[PDB]
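This document opens with one chain alone, in structure tokens, the form deposited in one PDB entry.
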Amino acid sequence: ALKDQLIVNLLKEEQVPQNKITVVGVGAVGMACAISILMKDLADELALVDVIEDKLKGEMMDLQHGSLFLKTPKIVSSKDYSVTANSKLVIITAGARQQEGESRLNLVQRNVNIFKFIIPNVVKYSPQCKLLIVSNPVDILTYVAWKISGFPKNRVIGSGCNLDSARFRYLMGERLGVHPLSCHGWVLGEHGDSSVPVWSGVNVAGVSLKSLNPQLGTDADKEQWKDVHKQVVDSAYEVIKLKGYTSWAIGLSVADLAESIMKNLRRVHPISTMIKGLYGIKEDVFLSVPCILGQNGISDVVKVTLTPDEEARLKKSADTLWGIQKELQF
């Protein structure tokens, strides 16, 4: 055989990857996550899982064919979760997605059922992984993942408001004529309609925009900055109306969380976690606060000082979500 004429083998390795990532779901969101993860050199193996055989294999092959341009030496796929074995990070994007007009809350039973199958299969093959939940409603499904996995809460993370805050800083950048890296602001709580823009923290170079304009984010705001937050909330509906779905921004957002997890950076991201203990929250509610994300998932939470009005929203969002998730059957 040619190969053995060309190559003398020295040892038969256990081929166990050290930086394996799995993306479950090869719809648009999942493939966007896949490509962004590949072009950020985060993993040594990328596994794809979904339930339509032909599409799954088509996507696997299409990624495969770009390998010369990448630094991820093994890309694999299967309906069978054995393909996901030994992943450090499993990112779940499967499920029904919101159609035009449709609230993310309408996705909940469909996606809880899909997770009843998905989550046990992930755990069986990567008992030590971190879970990053992207499917919607992300806050409730992060909770569902947690319960079915049995994982300690540090290892079950939701993409949450990471994107909402990225979008926020982009709009702001565009208003100010400044790169969004240098524009800071946080959108926290539910990923969706009831999110809370924390106006008090919104700053460029440590200079608080609220201190310069005390009306910032109020109906009295000469410049209507509140519409920046409306734009954030409406963003995914707007994009779904225009192109049918969202992919690139969320892929990029998930990749950025993957980077923090895989490289143990300990950056701060506003992502979905279990916040019992805070802002008046007595139950097992997951929603977005600034979290320090690392190799062990969410290790620490930053306590943001909310105004009474700001804190009032949060407990609302909070109450809503508990009402829905309280009564789920799985």
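Residue numbers run from 1 along the displayed sequence.
Absent from the display: the form deposited with a small molecule bound. The rest refers to it.
For the options 225, 81, 170, 146, the residue carrying a heavy atom within 4.5 angstroms of the small molecule in the deposited complex is 81. When you look in the deposited complex, the only residue of 203, 218, 121, 194 with a non-hydrogen atom within 4.5 Å of the small molecule is 121.
Every member of the trio 50, 94 and 117 reaches the small molecule in the deposited complex with some non-hydrogen atom inside 4.5 Å.
At least one heavy atom of residue 24 is located within 4.5 Å of the small molecule in the deposited complex.
Screening 204-212, 173-181, 109-117, 255-263 for residues having heavy atoms within 4.5 Å of the small molecule in the deposited complex returns a single hit, 109-117.
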